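The next block holds one structure in the form of structure tokens; read it before the comments.
Protein chains: 2
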Amino acid sequence: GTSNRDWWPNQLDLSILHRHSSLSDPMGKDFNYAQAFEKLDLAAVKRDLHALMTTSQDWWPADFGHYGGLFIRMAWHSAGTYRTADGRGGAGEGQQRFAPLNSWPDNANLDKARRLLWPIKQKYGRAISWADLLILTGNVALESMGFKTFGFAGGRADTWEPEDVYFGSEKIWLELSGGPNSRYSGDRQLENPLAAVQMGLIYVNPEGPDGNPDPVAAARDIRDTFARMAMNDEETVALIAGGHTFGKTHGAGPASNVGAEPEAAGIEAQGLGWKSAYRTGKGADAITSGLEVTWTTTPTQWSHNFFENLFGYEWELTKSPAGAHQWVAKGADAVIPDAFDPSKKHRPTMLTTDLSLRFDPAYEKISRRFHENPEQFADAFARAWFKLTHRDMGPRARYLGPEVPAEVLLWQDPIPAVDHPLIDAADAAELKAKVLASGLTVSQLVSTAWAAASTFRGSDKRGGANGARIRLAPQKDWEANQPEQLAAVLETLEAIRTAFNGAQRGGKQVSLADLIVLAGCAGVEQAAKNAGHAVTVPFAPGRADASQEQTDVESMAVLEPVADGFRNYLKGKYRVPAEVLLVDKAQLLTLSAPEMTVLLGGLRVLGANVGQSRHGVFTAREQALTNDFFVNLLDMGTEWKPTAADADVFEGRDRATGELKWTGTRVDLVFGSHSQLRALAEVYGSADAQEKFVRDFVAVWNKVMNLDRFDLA
Amino acid sequence: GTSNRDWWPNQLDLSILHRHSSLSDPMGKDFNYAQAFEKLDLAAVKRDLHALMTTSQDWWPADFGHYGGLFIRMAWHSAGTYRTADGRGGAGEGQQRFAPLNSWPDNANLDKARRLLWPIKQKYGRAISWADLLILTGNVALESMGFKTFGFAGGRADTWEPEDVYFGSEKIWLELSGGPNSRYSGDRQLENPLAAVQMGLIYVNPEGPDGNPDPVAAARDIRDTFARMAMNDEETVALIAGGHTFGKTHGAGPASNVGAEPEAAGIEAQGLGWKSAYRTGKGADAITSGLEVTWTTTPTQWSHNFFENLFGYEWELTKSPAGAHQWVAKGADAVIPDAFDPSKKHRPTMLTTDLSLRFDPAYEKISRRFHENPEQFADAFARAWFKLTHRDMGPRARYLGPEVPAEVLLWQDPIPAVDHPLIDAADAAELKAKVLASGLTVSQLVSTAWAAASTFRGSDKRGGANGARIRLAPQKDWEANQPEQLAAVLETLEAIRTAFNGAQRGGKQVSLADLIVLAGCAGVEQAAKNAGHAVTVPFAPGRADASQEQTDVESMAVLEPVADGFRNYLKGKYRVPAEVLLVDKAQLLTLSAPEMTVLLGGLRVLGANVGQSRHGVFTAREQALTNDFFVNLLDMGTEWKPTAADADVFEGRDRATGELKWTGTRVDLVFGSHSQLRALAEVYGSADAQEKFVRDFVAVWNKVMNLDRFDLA
Ligand code: HEM
Ligand code: HEM
Ligand code: NA
Ligand code: NA
């Protein structure tokens with residue numbers, strides 16, 4: 016059946032904005048996962064998980080009689096899809112159970128792991144999500160095998176369809192670099208937002224870069240991809256050596272024995288895949304990666320044997336029984352147990368990427384320190400495992416249950432507790448009057464609150480106006496934020512704040528974070544007034560102001576908007592057309608297509624464009640809240656053509672006279688071109704739509720101002 | 016960006032069940048189109064339309080100073096996508112304005128027609144939908160040019176994204192038959208559910224079959240395609256000759272001058288397409304089809320000049336200026352006016368498909384009668400134009416406004432008015448108890464109500480339990496409906512109904528249509544009781560019973576379920592896998608994926624399967640409403656394999672012992688295979704889900720019972 020995608024493969028896809036509708040969700044519209052989890056008997060779940068560890072099923076027998084290693088890998092792959100560039104991937108939505116991740120080569124036989132968990136899932140039902148369960152199982156595997164974890168939070172609600180994520184353009188699984196859709200260019204530069212070296216891998220190739228078994232060059236890939244997953248050298252060493260303290264890899268015969276991945280398997284396979292024709296196809300005969308490595312002398316117990324082995328032997332390149340490059344210890348005795356036959360032992364072995372931890376000079380120093388100070392290794396791995404598994408959960412206010420660590424960690428972008436009375440409605444009215452009397456314009460107030468709030472992204476729940484980080488490095492310096500204008504606004508707001516706070520008794524005080532948002536609201540109110548309309552913009556206080564020391568500057572860089580169509584801003588020239596970037600941004604903001612439409616048309620007329628560009632400002636009453644953008648965009652009296660100087664800027668001329676009326680970008684004009692966007696624009700550009708426009712604009716404005724407000728949610 | 020569709024192109028697509036979410040809809044949740052339309056000043060809209068007809072715009076100048084022909088073609092194409100096989104297409108959702116239809120070759124330059132209507136759309140806003148306005152505009156065109164229409168109903172609510180429709184498997188626009196994705200097989204047999212001869216055409220090729228200019232062979236294609244749009248020979252002749260009384264075709268130069276269709280055009284084209292490099296690119300120079308024919312001496316006035324010309328001349332094969340086959344009148348004078356140059360006239364011309372109306376012997380008889388009796392032609396055309404434009408609107412209860420024709424037409428599947436008091440809640444309780452006391456079983460009651468209600472399809476809003484047509488030909492004899500069992504159930508219900516109605520005073524009576532549904536409700540309540548759960552199933556009375564004489568048996572054929580996975584039924588063997596047919600059925604029933612899942616699992620355990628097949632009946636307490644289907648399907652203790660006899664039937668055996676536990680079809684096992692459906696099955700197969708399962712099953716049951724209840728809308 017030929018589809019619109021087939022006929023017009025490069026047309027914009029809006030369906031990403033209408034994912035996760037109430038239609039596809041089996042739960043009632045009022046289901047609240049947090050409330051269900053809070054009633055879960057977490058202790059009981061953990062007891063059942065402990066029991067499961069050594070309850071081997073014949074259809075996928077447990078290595079060494081303990082599923083712990085398999086489950087640690089499962090949990091680490093759940094979390095390991097995360098990219099700091101967009102916040103997408105990670106463990107937080109349980110996406111390992113849907114396409115494409117359920118069938119990525121690097122997730123081979125994790126289908127078995129998840130199936131082993133169905134009886135527990137079934138038993139506890141909606142009170143524990145798959146997403147939480149995959150991580151909790153990892154934790155319990157560690158604890159069962161003697162490693163004390165740093166903690167655990169619940170609260171990852173399940174999702175019910177695949178996430179729309181760009182994982183790369185290759186059309187061949189595991190394609191090596193330099194192909195027609197290469198994710199690499201130049202001196203091994205990985206394209207943003209990707210954080211893996213090949214299509215269908217979690218981070219790097221365990222044989223080495225493009226299969227070349229060089230630990231030194233593999234280290235480079237490890238460092239780059241782990242950095243793109245928010246991990247530094249210490250965390251990376253701790254995680255790799257920590258993980259590979261447990262379990263084994265599987266490569267007992269040739270890979271050609273392994274059949275279809277789960278999404279390709281027959282219906283009789285009932286959601287499992289990679290059925291293997293090699294011997295028994297499982298257990299002692301398992302084939303997963305094609306490597307056959309067991310790292311330690313006690314693969315089911317926490318030990319310090321990983322670094323003892325790494326440093327205590329010299330290593331020789333060899334091949335697994337499937338033909339994959341791996342390393343064996345020169346001159347070693349057979350000291351490593353077999354997973355199934357107590358009569359068999361094996362020499363120590365390592366992956367190319369394990370050797371990276373010794374042969375990369377920077378890793379070597381950390382690895383040696385961990386070898387010499389095993390308590391440092393244990394603590395670092397515990398902290399890194401918690402970060403790995405929680406990095407996409409967002410503010411600590413979302414963390415649920417009795418095992419949440421009290422310690423506040425920098426990567427959580429912490430916000431101080433509020434310890435004082437909040438401003439009330441009378442106060443908010445007084446502050447808005449003061450803001451409007453200061454001389455700050457509608458454009459300034461709306462621009463600043465937009466800049467503050469629109470850093471949020473729902474993918475990892477980072478960003479937003481809480482914290483007033485717009486006043487700190489690096490947000491205060493971002494070009495999209497108009498640093499000089501922003502400075503002048505914040506100076507004026509801080510003076511208002513100081514005078515208000517100085518007049519209070521009790522401990523009542525307003526945060527700058529709140530005032531920035533309230534001042535935005537006043538701008539929108541004033542804009543509606545300018546247009547002859549009474550309007551009320553909702554405002555909820557309770558934001559607090561974070562410090563610079565609570566704000567990791569390098570982590571914050573990934574939130575910089577290098578494209579924000581809502582301010583008609585593009586920092587540079589990208590391969591991806593700007594209207595595609597607009598929809599991407601709308602998706603991060605959690606906006607539907609109607610919300611995106613209404614919001615952008617209003618921001619244009621309120622003066623939110625970077626640099627006060629006239630592009631898309633289709634009104635003769637700037638700073639008045641009207642539906643002018645839509646009415647003028649859709650006027651057939653105007654003809655549009657790209658400029659000679661710049662094909663991405665368009666001029667709108669009177670069709671009869673040739674007179675220039677407007678200019679616009681791709682982001683502006685897509686609303687008059689895309690057949691679904693234009694249908695939305697028509698609703699807002701109709702003669703009966705002014706009040707609808709205002710009300711819908713206020714609603715979406717408020718939505719954006721509240722995106723990070725999990726203290727209320 | 017590589018997508019799941021790329022990796023696994025043959026996997027089932029559920030996204031067709033989650034269209035039309037509240038996310039994509041710009042109107043509020045409470046918007047009611049009928050409420051808006053009923054307050055429209057329809058007379059004012061018509062006056063504006065009338066003025067438009069002769070108000071030429073320079074960007075698309077009106078032929079003969081009158082846009083009437085253009086708008087008639089627009090409205091005919093809006094309606095002309097309709098297929099009776101599945102009810103998809105038609106004018107009822109205004110899909111002409113979205114992909115792919117907005118960019119089909121046969122819809123070339125209707126983008127201009129719709130753009131001409133934006134000022135009126137804009138003026139009246141939400142009170143008239145695009146869907147309604149396209150049809151109204153065609154009516155006003157006809158009226159303005161002296162043709163009396165049969166009437167008009169409003170009430171087609173706008174939609175906001177493209178409909179999922181299979182329009183064929185060709186990968187090239189207009190591909191001639193016999194290609195690798197040919198829609199023809201055998202002796203020119205067009206594949207169901209298609210109703211056009213080439214990809215991107217409305218019905219047939221105006222040059223002749225695959226371009227061969229033979230009117231006799233063209234007539235075969237006309238008859239076949241029009242029949243597949245629910246039009247018989249008289250209607251077809253009336254419509255083609257009626258339409259081609261007006262306006263002209265456009266083929267003033269070569270088609271290579273014409274550029275990208277709208278979905279492929281540049282952003283600056285602002286939603287229009289087919290920009291032409293030929294001379295002025297419009298008006299006298301227009302190119303649309305490539306044909307250049309003007310049918311009558313007064314293209315802007317109703318006349319009987321089409322048949323005067325068709326029969327008064329002999330015709331010679333010639334070529335348009337674009338090189339298309341068309342026909343000119345031998346020996347004729349220049350009597351046809353030019354569209355722009357009042358000093359030029361032209362000889363009469365015809366399409367190959369126009370000549371079909373004279374050279375096909377059956378058409379010729381009707382054409383001659385219309386020629387000799389043009390009042391008969393006008394009436395037939397009026398009636399057919401109404402049918403064409405309303406055929407997908409559903410029951411007459413949906414028809415809005417002051418111009419609805421009072422005459423009830425057989426094709427409307429009419430339901431008699433109710434002229435008596437309805438049964439109340441107590442009455443319904445009495446009747447449910449009487450039904451259960453009769454000895455009718457849960458299986459009989461559920462199966463019967465399912466059979467009655469589940470003929471509905473939301474594509475054209477035909478079918479459903481209203482009418483009690485299950486008791487009439489042909490429904491009573493459909494194999495899916497188990498004719499002998501059905502007869503015994505209906506006999507028993509009719510005796511209940513007789514006794515109840517005989518005992519009433521005051522005119523109160525219950526219809527059989529209502530009692531069939533109420534009886535099914537009693538079955539579902541009893542099944543819940545059998546499971547240890549007391550529930551009340553909602554029931555709304557007010558259905559009426561239609562007669563055989565009010566039922567077109569030939570038209571009702573297309574509603575026969577030849578695949579109904581909800582009864583594990585497949586009438587024959589199809590190319591399309593049965594699970595794809597299940598999702599198609601769910602889409603026609605308007606079900607989400609969760610709704611489909613719940614409904615199927617409950618039906619299985621209630622005994623709804625045709626023939627009492629055990630396939631999918633994964634319970635040892637049949638006729639109790641439990642979640643056994645899901646618990647048992649998802650039990651990893653059971654292993655599934657296709658049978659030797661039939662690859663589409665699977666045995667489920669104990670994994671340890673080999674003992675046979677169950678059998679199932681593809682429809683059953685897809686819920687344990689597809690990763691999204693399995694995630695749904697898990698929710699309902701969880702230990703906490705009994706109450707949820709019952710409640711959601713009752714809800715979706717009631718939804719299905721009420722699908723055709725537009726009297727309650
Ligand atoms: C450079 C980074 C990494 C690479 C290249 C890598 C590679 C692999 C490979 C190829 C396997 C074998 C899969 C199989 O055949 O069954 C594996 C196993 C495993 N990995 Fe890693 N890994 C990495 C990082 C990590 C991290 C960060 C963790 C956890 C903190 C982890 C924990 C494990 C565990 C526990 C197993 C054993 C699975 C079992 O016993 O079934 N790995 N890894
Ligand atoms: C066998 C069925 C039919 C064939 C093959 C056919 C073919 C065509 C073609 C090729 C055009 C020219 C498009 C262009 O170049 O502008 C056209 C125009 C038109 N058709 Fe038909 N048609 C059919 C049936 C009908 C029906 C059922 C109606 C309405 C009842 C209709 C009304 C019109 C009108 C009014 C025009 C003139 C458009 C104008 O003035 O711009 N057609 N037809
Ligand atoms: Na994420
Ligand atoms: Na339809």
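Sequence order for the protein chains is A and B.
Taken in order, the first sequence gives residues 16 to 728; the numbers are from full-length UniProt numbering.
Taken in order, the second sequence gives residues 16 to 728; the numbers are from full-length UniProt numbering.
Ideal Cβ positions, reconstructed from N, Cα and C, are used throughout, including at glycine.
Residue j beta carbon less than 9 angstroms from that of residue i
{"i": "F645(B)", "j": "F686(B)", "result": "yes"}
{"i": "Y199(B)", "j": "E206(B)", "result": "yes"}
{"i": "residue 779(A)", "j": "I381(A)", "result": "This structure does not reach residue 779(A), given that chain A is present from 16 up to 728, and the question cannot be answered."}
{"i": "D434(A)", "j": "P410(A)", "result": "no"}
{"i": "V664(B)", "j": "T672(B)", "result": "no"}
{"i": "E697(B)", "j": "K136(A)", "result": "yes"}
{"i": "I150(B)", "j": "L55(B)", "result": "no"}
{"i": "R203(B)", "j": "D248(B)", "result": "no"}
{"i": "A128(B)", "j": "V273(B)", "result": "no"}
{"i": "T612(B)", "j": "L695(B)", "result": "yes"}
{"i": "residue 731(A)", "j": "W426(A)", "result": "Outside the modelled stretch of chain A, which goes from 16 to 728, sits residue 731(A), for which no answer is possible."}
{"i": "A399(A)", "j": "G257(A)", "result": "yes"}
Straight-line Cα distance separating residue j from residue i
{"i": "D121(A)", "j": "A502(A)", "result": "48 angstroms"}
{"i": "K360(A)", "j": "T309(A)", "result": "11 angstroms"}
{"i": "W465(B)", "j": "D683(B)", "result": "18 angstroms"}
{"i": "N19(B)", "j": "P41(B)", "result": "29 angstroms"}
{"i": "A514(A)", "j": "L508(A)", "result": "10 angstroms"}
{"i": "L527(B)", "j": "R724(B)", "result": "15 angstroms"}
{"i": "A639(B)", "j": "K544(B)", "result": "7 angstroms"}
{"i": "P228(A)", "j": "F113(A)", "result": "32 angstroms"}
{"i": "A488(A)", "j": "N496(A)", "result": "12 angstroms"}
{"i": "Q391(B)", "j": "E176(B)", "result": "41 angstroms"}
{"i": "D225(A)", "j": "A211(A)", "result": "12 angstroms"}
{"i": "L254(A)", "j": "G622(A)", "result": "48 angstroms"}
{"i": "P592(B)", "j": "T678(A)", "result": "52 angstroms"}
{"i": "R710(B)", "j": "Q691(B)", "result": "21 angstroms"}
{"i": "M68(A)", "j": "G83(A)", "result": "6 angstroms"}
Expected contact under 8 angstroms - CB spacing of residue i and residue j to nearest Å
{"i": "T368(B)", "j": "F321(B)", "result": "Not quite, the Cβ-Cβ distance comes to about 13 angstroms (not below 8 angstroms), so this is no contact."}
{"i": "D475(B)", "j": "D407(B)", "result": "4 angstroms"}
{"i": "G535(B)", "j": "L648(B)", "result": "Contact doesn't hold; Cβ gap of about 25 angstroms is too wide."}
{"i": "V552(B)", "j": "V573(B)", "result": "With a Cβ gap of about 30 angstroms, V552(B) and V573(B) do not count as contacting."}
{"i": "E307(A)", "j": "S335(A)", "result": "4 angstroms"}
Residues sharing a beta bridge with residue i, DSSP
{"i": "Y584(B)", "result": "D579(B)"}
{"i": "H361(A)", "result": "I351(A)"}
Practice task
Give every residue whose Cβ lies closer than 7 angstroms to any heavy atom of ligand 4, listed in chain order.
Solution key: Counting every residue whose Cβ lies closer than 7 angstroms to a heavy atom of ligand 4, we get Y97(B), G102(B), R103(B), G104(B), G105(B), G107(B), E108(B), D407(B), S474(B), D475(B).
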